[PDB]
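Peer 1:
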Amino acid sequence: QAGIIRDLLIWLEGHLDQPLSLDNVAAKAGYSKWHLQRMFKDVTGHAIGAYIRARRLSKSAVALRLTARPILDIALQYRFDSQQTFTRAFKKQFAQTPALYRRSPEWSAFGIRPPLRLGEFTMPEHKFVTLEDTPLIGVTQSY
DNA sequence: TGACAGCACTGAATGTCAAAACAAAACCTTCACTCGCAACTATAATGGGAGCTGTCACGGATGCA
């Protein structure tokens with residue numbers, strides 16, 4: 003029912019990292035590999051399988067732009083199979099070399115796909131301002 | 001009744017043949033200069049000890065004489 007898929011993503015957003023998962027591992031959620039896939043297609047508007055590894059790449063794209071690791075820390079970190087295939091699907095998502103992607107300081111959100119909620123989404127508000135050069139005092143350290 | 005389990009097949013999306021380029025310094029030319037050899041200079045000059053070291057002490061030694 004509608005209470006299932008919402009609870010599956012509470013697993014899945016927390017288990018987008020730890021299990022090396024395809025839909026066979028996702029088939030342990032009450033029904034078969036196809037029926038859990040059939041139950042997702044209409045209650046969401048997204049198609050689960052190519053989305054998740056792309057969402058796990060979208061989890062890896064912010065890891066490719068704001069985390070301090072090289073290509074092979076994050077080659078198979080997000081449960082992938084190869085690096086050149088990971089480089090390949092990246093071209094169909096961001097149209098940029100990952101060496102070129104962390105070359106430019108500008109980070110545009112083209113291929114990052116948002117995390118899905120079947121329940122109610124807490125929408126933040128926006129207001130566009132233009133700020134001023136203000137002196138302060140503080141120290142720096144890294145992570 | 002509607003879930004509920006599994007099949008039919010697209011195909012985008014992999015797993016392989018190739019280069020494509022970029023810094024990596026790595027080994028390597030370079031090319032001007034800094035950093036070193038070597039020789040000469042023509043009034044006249046001509047013999048150390050460089051300070052040192054001062055009585056221990058019985059004992060065996062070899063060679064001189």
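Numbering (the authors' numbering), first residue to last: 3 to 145. Using N, Cα and C, we set each Cβ at its ideal position, and we do this for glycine too.
Measure the C-alpha to C-alpha separation of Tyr33 and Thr136 and round it to an integer number of angstroms.
Peer 2: Answer to the nearest angstrom: the Cα atoms are 58 Å apart.
Peer 1: Can you tell me which of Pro116, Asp75, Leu133, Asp83 puts its alpha carbon nearest to the alpha carbon of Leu11?
Peer 2: The shortest Cα separation from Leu11 among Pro116, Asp75, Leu133, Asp83 belongs to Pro116.
Peer 1: Can you give me the C-alpha to C-alpha distance between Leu59 and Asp25, rounded to a whole angstrom?
Peer 2: About 17 Å.
Peer 1: Between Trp109 and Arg67, what straight-line distance do the alpha-carbon atoms span, to the nearest angstrom?
Peer 2: Approximately 7 Å, taken between the alpha carbons.
Peer 1: Among residues of its own chain, excluding the 5 on either side of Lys35, which ones have a beta-carbon nearer than 8 Å to its beta-carbon?
Peer 2: Excluding residues within five positions, the ones whose Cβ falls inside 8 Å are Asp25, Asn26, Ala28, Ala29.
Peer 1: Inspect the CB distances between the segment 45-61 and the segment 90-108 and report whether three or more fall short of 8 Å.
Peer 2: Yes, the segment 45-61 touches the segment 90-108.
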